[PDB]
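File shown here: input-v9.pdb, holding PDB, C-alpha atoms (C1' of nucleotides).
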ATOM      1  CA  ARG A 527       0.000   0.000   0.000  1.00  0.00           C
ATOM      2  CA  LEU A 528       2.927   2.330  -0.729  1.00  0.00           C
ATOM      3  CA  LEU A 529       3.233   4.940  -3.457  1.00  0.00           C
ATOM      4  CA  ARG A 530       5.814   3.499  -5.855  1.00  0.00           C
ATOM      5  CA  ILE A 531       7.431   6.306  -7.843  1.00  0.00           C
ATOM      6  CA  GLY A 532       9.866   4.845 -10.373  1.00  0.00           C
ATOM      7  CA  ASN A 533      12.727   7.346 -10.688  1.00  0.00           C
ATOM      8  CA  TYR A 534      12.777  10.041  -8.017  1.00  0.00           C
ATOM      9  CA  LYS A 535      14.910  12.692  -9.727  1.00  0.00           C
ATOM     10  CA  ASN A 536      13.236  12.854 -13.148  1.00  0.00           C
ATOM     11  CA  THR A 537       9.659  12.561 -11.841  1.00  0.00           C
ATOM     12  CA  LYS A 538      10.552  15.117  -9.135  1.00  0.00           C
ATOM     13  CA  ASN A 539      11.844  17.605 -11.722  1.00  0.00           C
ATOM     14  CA  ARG A 540       8.831  16.941 -13.962  1.00  0.00           C
ATOM     15  CA  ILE A 541       6.387  17.604 -11.111  1.00  0.00           C
ATOM     16  CA  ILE A 542       8.330  20.806 -10.349  1.00  0.00           C
ATOM     17  CA  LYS A 543       7.807  21.737 -14.020  1.00  0.00           C
ATOM     18  CA  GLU A 544       4.095  20.970 -13.566  1.00  0.00           C
ATOM     19  CA  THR A 545       4.034  23.165 -10.452  1.00  0.00           C
ATOM     20  CA  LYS A 546       5.670  26.061 -12.297  1.00  0.00           C
ATOM     21  CA  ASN A 547       3.074  25.492 -15.020  1.00  0.00           C
ATOM     22  CA  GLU A 548       0.394  25.678 -12.323  1.00  0.00           C
ATOM     23  CA  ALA A 549       1.537  28.741 -10.362  1.00  0.00           C
ATOM     24  CA  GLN A 550      -1.793  30.540 -10.006  1.00  0.00           C
ATOM     25  CA  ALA A 551      -0.557  33.554  -8.014  1.00  0.00           C
ATOM     26  CA  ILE A 552       3.135  34.419  -8.203  1.00  0.00           C
ATOM     27  CA  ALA A 553       5.582  35.513  -5.486  1.00  0.00           C
ATOM     28  CA  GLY A 554       5.125  39.180  -4.670  1.00  0.00           C
ATOM     29  CA  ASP A 555       1.329  39.149  -4.360  1.00  0.00           C
ATOM     30  CA  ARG A 556      -1.116  39.549  -1.488  1.00  0.00           C
ATOM     31  CA  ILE A 557      -3.707  36.811  -0.997  1.00  0.00           C
ATOM     32  CA  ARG A 558      -6.895  36.432   1.019  1.00  0.00           C
ATOM     33  CA  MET A 559      -6.530  32.663   1.416  1.00  0.00           C
ATOM     34  CA  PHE A 560      -9.352  30.450   2.724  1.00  0.00           C
ATOM     35  CA  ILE A 561      -7.880  27.182   4.064  1.00  0.00           C
ATOM     36  CA  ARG A 562      -9.960  24.181   5.122  1.00  0.00           C
ATOM     37  CA  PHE A 563      -9.582  24.333   8.884  1.00  0.00           C
ATOM     38  CA  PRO A 564     -11.685  22.578  11.544  1.00  0.00           C
ATOM     39  CA  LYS A 565     -13.471  24.201  14.456  1.00  0.00           C
ATOM     40  CA  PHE A 566     -11.528  22.598  17.309  1.00  0.00           C
ATOM     41  CA  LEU A 567      -8.144  23.864  16.112  1.00  0.00           C
ATOM     42  CA  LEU A 568      -9.340  27.464  16.568  1.00  0.00           C
ATOM     43  CA  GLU A 569      -8.167  27.197  20.199  1.00  0.00           C
ATOM     44  CA  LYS A 570      -4.547  27.434  19.016  1.00  0.00           C
ATOM     45  CA  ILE A 571      -5.175  30.449  16.763  1.00  0.00           C
ATOM     46  CA  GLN A 572      -2.875  32.950  18.442  1.00  0.00           C
ATOM     47  CA  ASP A 573      -2.308  36.694  18.032  1.00  0.00           C
ATOM     48  CA  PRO A 574      -0.489  36.717  14.669  1.00  0.00           C
ATOM     49  CA  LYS A 575       1.633  39.756  15.466  1.00  0.00           C
ATOM     50  CA  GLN A 576       2.567  37.992  18.725  1.00  0.00           C
ATOM     51  CA  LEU A 577       3.098  34.418  17.529  1.00  0.00           C
ATOM     52  CA  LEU A 578       4.766  33.660  14.206  1.00  0.00           C
ATOM     53  CA  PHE A 579       2.288  32.020  11.830  1.00  0.00           C
ATOM     54  CA  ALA A 580       3.787  30.866   8.519  1.00  0.00           C
ATOM     55  CA  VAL A 581       1.986  29.158   5.619  1.00  0.00           C
ATOM     56  CA  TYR A 582       3.892  26.671   3.451  1.00  0.00           C
ATOM     57  CA  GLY A 583       2.543  25.107   0.278  1.00  0.00           C
ATOM     58  CA  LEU A 584       2.967  21.450  -0.622  1.00  0.00           C
ATOM     59  CA  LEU A 585       3.282  19.422  -3.814  1.00  0.00           C
ATOM     60  CA  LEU A 586       1.601  16.410  -5.423  1.00  0.00           C
ATOM     61  CA  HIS A 587       1.391  13.333  -3.170  1.00  0.00           C
ATOM     62  CA  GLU A 588       3.994  14.407  -0.624  1.00  0.00           C
ATOM     63  CA  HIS A 589       1.313  13.177   1.802  1.00  0.00           C
ATOM     64  CA  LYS A 590       1.383   9.567   0.568  1.00  0.00           C
ATOM     65  CA  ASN A 591       3.875   7.119   2.088  1.00  0.00           C
TER      66      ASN A 591
ATOM     67  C1'   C B   1      30.173  -7.543 -31.597  1.00  0.00           C
ATOM     68  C1'   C B   2      27.773  -4.207 -29.808  1.00  0.00           C
ATOM     69  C1'   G B   3      25.025  -3.656 -34.742  1.00  0.00           C
ATOM     70  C1'   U B   4      18.844  -3.166 -34.998  1.00  0.00           C
ATOM     71  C1'   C B   5      13.631  -1.981 -32.426  1.00  0.00           C
ATOM     72  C1'   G B   6      10.766   1.785 -30.108  1.00  0.00           C
ATOM     73  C1'   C B   7      10.795   4.741 -25.427  1.00  0.00           C
ATOM     74  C1'   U B   8      13.528   7.966 -20.982  1.00  0.00           C
ATOM     75  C1'   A B   9      15.783  12.435 -20.361  1.00  0.00           C
ATOM     76  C1'   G B  10      20.862  15.135 -21.272  1.00  0.00           C
ATOM     77  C1'   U B  11      24.759  17.212 -25.479  1.00  0.00           C
ATOM     78  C1'   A B  12      26.236  19.780 -29.876  1.00  0.00           C
ATOM     79  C1'   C B  13      23.583  21.930 -34.453  1.00  0.00           C
ATOM     80  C1'   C B  14      20.470  24.470 -38.832  1.00  0.00           C
ATOM     81  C1'   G B  15      18.413  29.114 -40.250  1.00  0.00           C
ATOM     82  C1'   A B  16      13.511  28.740 -43.827  1.00  0.00           C
ATOM     83  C1'   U B  17      11.289  31.885 -40.490  1.00  0.00           C
ATOM     84  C1'   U B  18       8.682  35.683 -36.900  1.00  0.00           C
ATOM     85  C1'   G B  19       9.198  39.396 -32.675  1.00  0.00           C
ATOM     86  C1'   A B  20      12.271  42.951 -30.811  1.00  0.00           C
ATOM     87  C1'   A B  21      17.277  45.186 -29.450  1.00  0.00           C
ATOM     88  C1'   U B  22      22.435  46.682 -30.625  1.00  0.00           C
ATOM     89  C1'   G B  23      26.267  48.120 -34.066  1.00  0.00           C
ATOM     90  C1'   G B  24      28.931  48.909 -39.062  1.00  0.00           C
ATOM     91  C1'   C B  25      28.497  50.699 -43.952  1.00  0.00           C
ATOM     92  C1'   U B  26      25.573  52.851 -47.768  1.00  0.00           C
ATOM     93  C1'   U B  27      21.308  55.654 -50.918  1.00  0.00           C
ATOM     94  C1'   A B  28      18.065  59.622 -50.399  1.00  0.00           C
ATOM     95  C1'   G B  29      15.717  63.200 -47.347  1.00  0.00           C
ATOM     96  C1'   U B  30      15.158  66.060 -42.840  1.00  0.00           C
ATOM     97  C1'   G B  31      18.299  68.597 -39.751  1.00  0.00           C
ATOM     98  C1'   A B  32      18.774  71.267 -33.310  1.00  0.00           C
ATOM     99  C1'   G B  33      22.523  74.388 -31.540  1.00  0.00           C
ATOM    100  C1'   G B  34      26.461  78.136 -31.010  1.00  0.00           C
ATOM    101  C1'   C B  35      29.661  81.317 -34.434  1.00  0.00           C
ATOM    102  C1'   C B  36      30.083  84.808 -38.721  1.00  0.00           C
ATOM    103  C1'   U B  37      27.042  87.738 -41.661  1.00  0.00           C
ATOM    104  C1'   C B  38      22.360  90.545 -44.407  1.00  0.00           C
ATOM    105  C1'   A B  39      18.769  92.920 -41.504  1.00  0.00           C
ATOM    106  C1'   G B  40      15.411  94.600 -37.595  1.00  0.00           C
ATOM    107  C1'   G B  41      14.894  98.361 -33.674  1.00  0.00           C
ATOM    108  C1'   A B  42      11.254  96.945 -27.449  1.00  0.00           C
ATOM    109  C1'   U B  43      13.891 100.449 -25.599  1.00  0.00           C
ATOM    110  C1'   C B  44      17.384 104.015 -23.302  1.00  0.00           C
ATOM    111  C1'   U B  45      20.806 108.092 -23.839  1.00  0.00           C
ATOM    112  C1'   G B  46      23.933 112.430 -25.830  1.00  0.00           C
ATOM    113  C1'   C B  47      24.046 117.172 -28.112  1.00  0.00           C
ATOM    114  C1'   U B  48      21.772 121.167 -30.590  1.00  0.00           C
ATOM    115  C1'   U B  49      17.098 123.613 -32.289  1.00  0.00           C
ATOM    116  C1'   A B  50      12.249 125.238 -31.551  1.00  0.00           C
ATOM    117  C1'   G B  51       7.108 125.890 -28.927  1.00  0.00           C
ATOM    118  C1'   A B  52       4.678 126.266 -23.792  1.00  0.00           C
ATOM    119  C1'   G B  53       4.750 127.022 -18.496  1.00  0.00           C
ATOM    120  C1'   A B  54       7.157 128.690 -13.672  1.00  0.00           C
ATOM    121  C1'   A B  55      11.719 131.688  -9.952  1.00  0.00           C
ATOM    122  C1'   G B  56      15.209 136.058 -10.263  1.00  0.00           C
ATOM    123  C1'   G B  57      17.748 140.438 -12.191  1.00  0.00           C
ATOM    124  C1'   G B  58      18.249 144.786 -15.552  1.00  0.00           C
ATOM    125  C1'   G B  59      15.352 148.280 -18.456  1.00  0.00           C
ATOM    126  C1'   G B  60       9.399 152.301 -21.649  1.00  0.00           C
ATOM    127  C1'   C B  61       8.186 151.881 -16.164  1.00  0.00           C
ATOM    128  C1'   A B  62       1.446 151.086 -16.874  1.00  0.00           C
ATOM    129  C1'   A B  63       0.667 146.649 -19.150  1.00  0.00           C
ATOM    130  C1'   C B  64       5.523 145.502 -21.830  1.00  0.00           C
ATOM    131  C1'   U B  65      10.595 144.092 -23.467  1.00  0.00           C
ATOM    132  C1'   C B  66      15.823 141.633 -22.685  1.00  0.00           C
ATOM    133  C1'   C B  67      19.166 137.943 -20.105  1.00  0.00           C
ATOM    134  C1'   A B  68      20.170 133.610 -16.856  1.00  0.00           C
ATOM    135  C1'   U B  69      17.806 128.387 -14.089  1.00  0.00           C
ATOM    136  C1'   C B  70      14.369 124.372 -14.194  1.00  0.00           C
ATOM    137  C1'   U B  71       9.673 121.496 -16.109  1.00  0.00           C
ATOM    138  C1'   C B  72       6.409 119.607 -20.284  1.00  0.00           C
ATOM    139  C1'   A B  73       6.140 118.288 -25.237  1.00  0.00           C
ATOM    140  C1'   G B  74       8.325 118.652 -31.051  1.00  0.00           C
ATOM    141  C1'   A B  75      12.231 118.462 -34.869  1.00  0.00           C
ATOM    142  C1'   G B  76      16.936 116.966 -36.511  1.00  0.00           C
ATOM    143  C1'   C B  77      21.885 114.889 -36.020  1.00  0.00           C
ATOM    144  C1'   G B  78      24.353 110.726 -33.051  1.00  0.00           C
ATOM    145  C1'   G B  79      25.563 106.405 -30.072  1.00  0.00           C
ATOM    146  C1'   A B  80      24.255 101.994 -27.447  1.00  0.00           C
ATOM    147  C1'   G B  81      20.920  98.192 -28.084  1.00  0.00           C
ATOM    148  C1'   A B  82      16.763  93.304 -26.370  1.00  0.00           C
TER     149        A B  82
END
Using structure tokens, write down the structure from this file.
Amino acid sequence: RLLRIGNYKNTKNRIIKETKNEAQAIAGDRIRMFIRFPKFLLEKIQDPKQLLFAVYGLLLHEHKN
RNA sequence: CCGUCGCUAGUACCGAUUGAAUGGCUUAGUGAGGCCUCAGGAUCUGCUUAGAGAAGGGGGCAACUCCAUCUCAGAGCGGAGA
């Protein structure tokens, strides 16, 4: 039940090419982002000028083992 | 003996093109600017010469006449000159 990618380097570079193809809003922009976020994790929403709160984007199937 | 088969990406290429950008020549045309020159004369100014007003002096002495000093405008001859 594992994700079997054949060659890491070439598929990695190709998916980076796909990501650069699919860059919907470029670096240097300001975004009102709506992220899917459950109710119970609102208890850790801190003062954003008081706690650092960074947002990092992911790629295709970096979630699969 | 590593020579075909089709795929996987990496390495040199053509130039037939388009889109700009740079430079070298070359044809023709346009051609800013200062300088010299033909002019032009906003303006100022110098002398004279008149006309008209004021102050003084000398004289028929009654107005009036003569001479010196300014002011306002003309006419010439000049110079400078945007």
Could you list, as a PDB file with C-alpha atoms (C1' of nucleotides), in the coordinates of the input, every residue matched by the PyMOL selection byres ((chain B) within 12 of (chain A)) in this structure?
ATOM      1  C1'   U B   8      13.528   7.966 -20.982  1.00  0.00           C
ATOM      2  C1'   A B   9      15.783  12.435 -20.361  1.00  0.00           C
ATOM      3  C1'   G B  10      20.862  15.135 -21.272  1.00  0.00           C
TER       4        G B  10
END
Point to revise | Point-to-point distance from CA of residue 577 (chain A) to CA of residue 562 (chain A), Å rounded to tenths | key: 20.7 Å
Exercise for review: For residue 54 (chain B), work out the shell of residues within 12 Å, counting only C-alpha atoms (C1' of nucleotides) and skipping chain neighbours fewer than 5 positions away, then give it as a PyMOL selection string.
Suggested key: chain B and resi 69-72
Practice item. Go through A:563, A:585, A:529, A:578 and flag the residue nearest residue 543 (chain A), using only C-alpha atoms for the distances. Key: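 Closest to residue 543 (chain A) of all the choices is A:585.
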Quick one: what's the axis-aligned box for region 52-62 of chain B, all listed atoms, 8 Å on every side, centre and edges in Å to one decimal, as lines of an AutoDock Vina configuration file?
center_x = 9.8
center_y = 139.3
center_z = -16.9
size_x = 32.8
size_y = 42.0
size_z = 29.8
Review point. Using all atoms listed in the file, which residues sit within 12 Å of residue 66 (chain B) once same-chain residues fewer than 3 positions away are excluded, as number ranges by chain?
Key: B: 57-59
Exercise for review: Find the distance between CA of residue 549 (chain A) and CA of residue 528 (chain A) and write it in Å to one decimal.
Suggested key: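 According to the coordinates, CA of residue 549 (chain A) and CA of residue 528 (chain A) are separated by 28.1 Å.
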Check your understanding: Expressed in Å to a single decimal, how great is the separation between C1' of residue 42 (chain B) and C1' of residue 82 (chain B)?
Key ->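 Between these atoms lies a distance of 6.7 Å.
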Practice item. Would you write out, as a ChimeraX atom specification, every residue that the PyMOL selection byres ((chain B and resi 48) around 9) captures in this file? Key: /B:47,49,76-77
Check your understanding: Counting all atoms listed in the file, what is within 12 Å of residue 51 (chain B), bar same-chain residues fewer than 5 positions away, as a VMD selection string?
Key -> chain B and resid 72 to 75
For region 10-32 of chain B in the structure I just supplied, write out N, CA, C and O atoms (P, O5', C5', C4', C3', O3' and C1' of nucleotides) - as a PDB file, in the first residue's frame.
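So part-v6.pdb came out as:
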ATOM      1  P     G B  10      16.468  17.123 -20.063  1.00  0.00           P
ATOM      2  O5'   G B  10      17.876  16.763 -19.420  1.00  0.00           O
ATOM      3  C5'   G B  10      18.968  17.650 -19.556  1.00  0.00           C
ATOM      4  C4'   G B  10      20.238  16.910 -19.877  1.00  0.00           C
ATOM      5  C3'   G B  10      21.051  17.471 -21.027  1.00  0.00           C
ATOM      6  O3'   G B  10      21.838  18.589 -20.661  1.00  0.00           O
ATOM      7  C1'   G B  10      20.862  15.135 -21.272  1.00  0.00           C
ATOM      8  P     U B  11      22.051  19.782 -21.711  1.00  0.00           P
ATOM      9  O5'   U B  11      23.122  19.209 -22.742  1.00  0.00           O
ATOM     10  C5'   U B  11      24.428  18.836 -22.327  1.00  0.00           C
ATOM     11  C4'   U B  11      25.246  18.392 -23.510  1.00  0.00           C
ATOM     12  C3'   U B  11      25.272  19.377 -24.667  1.00  0.00           C
ATOM     13  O3'   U B  11      26.267  20.367 -24.497  1.00  0.00           O
ATOM     14  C1'   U B  11      24.759  17.212 -25.479  1.00  0.00           C
ATOM     15  P     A B  12      25.964  21.894 -24.877  1.00  0.00           P
ATOM     16  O5'   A B  12      26.865  22.144 -26.163  1.00  0.00           O
ATOM     17  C5'   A B  12      26.276  22.379 -27.430  1.00  0.00           C
ATOM     18  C4'   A B  12      26.930  21.556 -28.508  1.00  0.00           C
ATOM     19  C3'   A B  12      26.752  22.086 -29.920  1.00  0.00           C
ATOM     20  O3'   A B  12      27.695  23.087 -30.245  1.00  0.00           O
ATOM     21  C1'   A B  12      26.236  19.780 -29.876  1.00  0.00           C
ATOM     22  P     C B  13      27.391  24.093 -31.454  1.00  0.00           P
ATOM     23  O5'   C B  13      25.821  23.937 -31.662  1.00  0.00           O
ATOM     24  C5'   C B  13      25.148  24.622 -32.703  1.00  0.00           C
ATOM     25  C4'   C B  13      24.990  23.748 -33.920  1.00  0.00           C
ATOM     26  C3'   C B  13      23.936  24.195 -34.917  1.00  0.00           C
ATOM     27  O3'   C B  13      24.229  25.369 -35.691  1.00  0.00           O
ATOM     28  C1'   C B  13      23.583  21.930 -34.453  1.00  0.00           C
ATOM     29  P     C B  14      25.293  25.452 -36.905  1.00  0.00           P
ATOM     30  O5'   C B  14      24.497  24.871 -38.155  1.00  0.00           O
ATOM     31  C5'   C B  14      23.655  25.707 -38.943  1.00  0.00           C
ATOM     32  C4'   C B  14      22.616  24.896 -39.672  1.00  0.00           C
ATOM     33  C3'   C B  14      21.610  25.698 -40.496  1.00  0.00           C
ATOM     34  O3'   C B  14      21.237  24.951 -41.653  1.00  0.00           O
ATOM     35  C1'   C B  14      20.470  24.470 -38.832  1.00  0.00           C
ATOM     36  P     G B  15      20.976  25.690 -43.057  1.00  0.00           P
ATOM     37  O5'   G B  15      20.503  27.155 -42.651  1.00  0.00           O
ATOM     38  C5'   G B  15      19.506  27.827 -43.408  1.00  0.00           C
ATOM     39  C4'   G B  15      18.566  28.600 -42.519  1.00  0.00           C
ATOM     40  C3'   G B  15      18.795  30.108 -42.414  1.00  0.00           C
ATOM     41  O3'   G B  15      17.984  30.814 -43.343  1.00  0.00           O
ATOM     42  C1'   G B  15      18.413  29.114 -40.250  1.00  0.00           C
ATOM     43  P     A B  16      18.458  31.180 -44.837  1.00  0.00           P
ATOM     44  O5'   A B  16      17.257  30.655 -45.749  1.00  0.00           O
ATOM     45  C5'   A B  16      16.621  29.409 -45.488  1.00  0.00           C
ATOM     46  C4'   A B  16      15.127  29.555 -45.330  1.00  0.00           C
ATOM     47  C3'   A B  16      14.656  30.704 -44.454  1.00  0.00           C
ATOM     48  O3'   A B  16      14.662  31.953 -45.122  1.00  0.00           O
ATOM     49  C1'   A B  16      13.511  28.740 -43.827  1.00  0.00           C
ATOM     50  P     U B  17      14.534  33.317 -44.284  1.00  0.00           P
ATOM     51  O5'   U B  17      12.962  33.516 -44.127  1.00  0.00           O
ATOM     52  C5'   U B  17      12.418  34.186 -43.003  1.00  0.00           C
ATOM     53  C4'   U B  17      11.363  33.355 -42.316  1.00  0.00           C
ATOM     54  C3'   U B  17      10.601  34.061 -41.206  1.00  0.00           C
ATOM     55  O3'   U B  17       9.485  34.768 -41.715  1.00  0.00           O
ATOM     56  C1'   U B  17      11.289  31.885 -40.490  1.00  0.00           C
ATOM     57  P     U B  18       9.581  36.331 -42.065  1.00  0.00           P
ATOM     58  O5'   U B  18       8.531  36.993 -41.073  1.00  0.00           O
ATOM     59  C5'   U B  18       8.973  37.617 -39.884  1.00  0.00           C
ATOM     60  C4'   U B  18       8.204  37.148 -38.678  1.00  0.00           C
ATOM     61  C3'   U B  18       8.443  37.965 -37.423  1.00  0.00           C
ATOM     62  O3'   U B  18       7.666  39.146 -37.386  1.00  0.00           O
ATOM     63  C1'   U B  18       8.682  35.683 -36.900  1.00  0.00           C
ATOM     64  P     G B  19       8.390  40.578 -37.369  1.00  0.00           P
ATOM     65  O5'   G B  19       7.797  41.276 -36.071  1.00  0.00           O
ATOM     66  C5'   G B  19       6.919  40.566 -35.210  1.00  0.00           C
ATOM     67  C4'   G B  19       7.475  40.488 -33.814  1.00  0.00           C
ATOM     68  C3'   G B  19       8.537  41.512 -33.472  1.00  0.00           C
ATOM     69  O3'   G B  19       8.004  42.791 -33.195  1.00  0.00           O
ATOM     70  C1'   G B  19       9.198  39.396 -32.675  1.00  0.00           C
ATOM     71  P     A B  20       8.435  44.039 -34.104  1.00  0.00           P
ATOM     72  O5'   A B  20       9.103  45.047 -33.072  1.00  0.00           O
ATOM     73  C5'   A B  20      10.513  45.166 -32.985  1.00  0.00           C
ATOM     74  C4'   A B  20      11.018  44.752 -31.629  1.00  0.00           C
ATOM     75  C3'   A B  20      12.397  45.264 -31.267  1.00  0.00           C
ATOM     76  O3'   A B  20      12.351  46.578 -30.755  1.00  0.00           O
ATOM     77  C1'   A B  20      12.271  42.951 -30.811  1.00  0.00           C
ATOM     78  P     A B  21      13.151  47.748 -31.497  1.00  0.00           P
ATOM     79  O5'   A B  21      14.556  47.740 -30.763  1.00  0.00           O
ATOM     80  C5'   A B  21      14.617  47.579 -29.358  1.00  0.00           C
ATOM     81  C4'   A B  21      15.954  47.044 -28.938  1.00  0.00           C
ATOM     82  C3'   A B  21      17.123  47.504 -29.781  1.00  0.00           C
ATOM     83  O3'   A B  21      17.549  48.812 -29.464  1.00  0.00           O
ATOM     84  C1'   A B  21      17.277  45.186 -29.450  1.00  0.00           C
ATOM     85  P     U B  22      18.135  49.758 -30.618  1.00  0.00           P
ATOM     86  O5'   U B  22      19.695  49.462 -30.574  1.00  0.00           O
ATOM     87  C5'   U B  22      20.363  49.332 -29.330  1.00  0.00           C
ATOM     88  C4'   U B  22      21.645  48.560 -29.471  1.00  0.00           C
ATOM     89  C3'   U B  22      22.565  49.029 -30.575  1.00  0.00           C
ATOM     90  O3'   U B  22      23.267  50.211 -30.253  1.00  0.00           O
ATOM     91  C1'   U B  22      22.435  46.682 -30.625  1.00  0.00           C
ATOM     92  P     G B  23      23.232  51.441 -31.280  1.00  0.00           P
ATOM     93  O5'   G B  23      24.382  51.079 -32.319  1.00  0.00           O
ATOM     94  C5'   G B  23      25.718  50.958 -31.866  1.00  0.00           C
ATOM     95  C4'   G B  23      26.525  49.982 -32.684  1.00  0.00           C
ATOM     96  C3'   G B  23      26.915  50.397 -34.086  1.00  0.00           C
ATOM     97  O3'   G B  23      27.983  51.320 -34.102  1.00  0.00           O
ATOM     98  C1'   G B  23      26.267  48.120 -34.066  1.00  0.00           C
ATOM     99  P     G B  24      28.012  52.489 -35.197  1.00  0.00           P
ATOM    100  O5'   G B  24      28.639  51.789 -36.475  1.00  0.00           O
ATOM    101  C5'   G B  24      29.881  51.113 -36.382  1.00  0.00           C
ATOM    102  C4'   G B  24      30.128  50.275 -37.605  1.00  0.00           C
ATOM    103  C3'   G B  24      30.055  51.012 -38.928  1.00  0.00           C
ATOM    104  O3'   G B  24      31.290  51.636 -39.226  1.00  0.00           O
ATOM    105  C1'   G B  24      28.931  48.909 -39.062  1.00  0.00           C
ATOM    106  P     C B  25      31.337  53.144 -39.756  1.00  0.00           P
ATOM    107  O5'   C B  25      31.362  52.979 -41.337  1.00  0.00           O
ATOM    108  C5'   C B  25      30.192  53.222 -42.094  1.00  0.00           C
ATOM    109  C4'   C B  25      30.081  52.291 -43.269  1.00  0.00           C
ATOM    110  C3'   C B  25      29.316  52.854 -44.448  1.00  0.00           C
ATOM    111  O3'   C B  25      30.132  53.657 -45.278  1.00  0.00           O
ATOM    112  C1'   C B  25      28.497  50.699 -43.952  1.00  0.00           C
ATOM    113  P     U B  26      29.703  55.165 -45.603  1.00  0.00           P
ATOM    114  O5'   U B  26      28.661  55.002 -46.790  1.00  0.00           O
ATOM    115  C5'   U B  26      28.927  54.125 -47.871  1.00  0.00           C
ATOM    116  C4'   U B  26      27.642  53.670 -48.503  1.00  0.00           C
ATOM    117  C3'   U B  26      26.608  54.759 -48.688  1.00  0.00           C
ATOM    118  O3'   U B  26      26.869  55.589 -49.799  1.00  0.00           O
ATOM    119  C1'   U B  26      25.573  52.851 -47.768  1.00  0.00           C
ATOM    120  P     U B  27      26.407  57.122 -49.760  1.00  0.00           P
ATOM    121  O5'   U B  27      24.971  57.073 -50.431  1.00  0.00           O
ATOM    122  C5'   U B  27      24.771  56.301 -51.601  1.00  0.00           C
ATOM    123  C4'   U B  27      23.319  56.242 -51.958  1.00  0.00           C
ATOM    124  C3'   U B  27      22.540  57.505 -51.673  1.00  0.00           C
ATOM    125  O3'   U B  27      22.763  58.537 -52.611  1.00  0.00           O
ATOM    126  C1'   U B  27      21.308  55.654 -50.918  1.00  0.00           C
ATOM    127  P     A B  28      22.971  60.035 -52.076  1.00  0.00           P
ATOM    128  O5'   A B  28      21.487  60.555 -51.832  1.00  0.00           O
ATOM    129  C5'   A B  28      20.515  60.468 -52.862  1.00  0.00           C
ATOM    130  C4'   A B  28      19.118  60.494 -52.303  1.00  0.00           C
ATOM    131  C3'   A B  28      18.813  61.634 -51.352  1.00  0.00           C
ATOM    132  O3'   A B  28      18.523  62.847 -52.018  1.00  0.00           O
ATOM    133  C1'   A B  28      18.065  59.622 -50.399  1.00  0.00           C
ATOM    134  P     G B  29      18.988  64.239 -51.371  1.00  0.00           P
ATOM    135  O5'   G B  29      17.922  64.492 -50.217  1.00  0.00           O
ATOM    136  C5'   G B  29      16.547  64.648 -50.531  1.00  0.00           C
ATOM    137  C4'   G B  29      15.670  64.463 -49.319  1.00  0.00           C
ATOM    138  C3'   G B  29      15.932  65.395 -48.153  1.00  0.00           C
ATOM    139  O3'   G B  29      15.395  66.690 -48.329  1.00  0.00           O
ATOM    140  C1'   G B  29      15.717  63.200 -47.347  1.00  0.00           C
ATOM    141  P     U B  30      16.132  67.947 -47.656  1.00  0.00           P
ATOM    142  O5'   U B  30      15.704  67.861 -46.128  1.00  0.00           O
ATOM    143  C5'   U B  30      14.337  67.958 -45.769  1.00  0.00           C
ATOM    144  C4'   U B  30      14.103  67.496 -44.358  1.00  0.00           C
ATOM    145  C3'   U B  30      14.751  68.332 -43.275  1.00  0.00           C
ATOM    146  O3'   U B  30      14.035  69.510 -42.976  1.00  0.00           O
ATOM    147  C1'   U B  30      15.158  66.060 -42.840  1.00  0.00           C
ATOM    148  P     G B  31      14.814  70.906 -42.875  1.00  0.00           P
ATOM    149  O5'   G B  31      15.819  70.706 -41.657  1.00  0.00           O
ATOM    150  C5'   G B  31      15.338  70.537 -40.333  1.00  0.00           C
ATOM    151  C4'   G B  31      16.374  69.883 -39.460  1.00  0.00           C
ATOM    152  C3'   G B  31      17.553  70.758 -39.082  1.00  0.00           C
ATOM    153  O3'   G B  31      17.259  71.524 -37.935  1.00  0.00           O
ATOM    154  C1'   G B  31      18.299  68.597 -39.751  1.00  0.00           C
ATOM    155  P     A B  32      17.568  73.092 -37.877  1.00  0.00           P
ATOM    156  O5'   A B  32      17.546  73.401 -36.317  1.00  0.00           O
ATOM    157  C5'   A B  32      16.482  72.931 -35.503  1.00  0.00           C
ATOM    158  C4'   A B  32      16.969  72.499 -34.145  1.00  0.00           C
ATOM    159  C3'   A B  32      17.907  73.459 -33.440  1.00  0.00           C
ATOM    160  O3'   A B  32      17.222  74.497 -32.769  1.00  0.00           O
ATOM    161  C1'   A B  32      18.774  71.267 -33.310  1.00  0.00           C
TER     162        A B  32
END
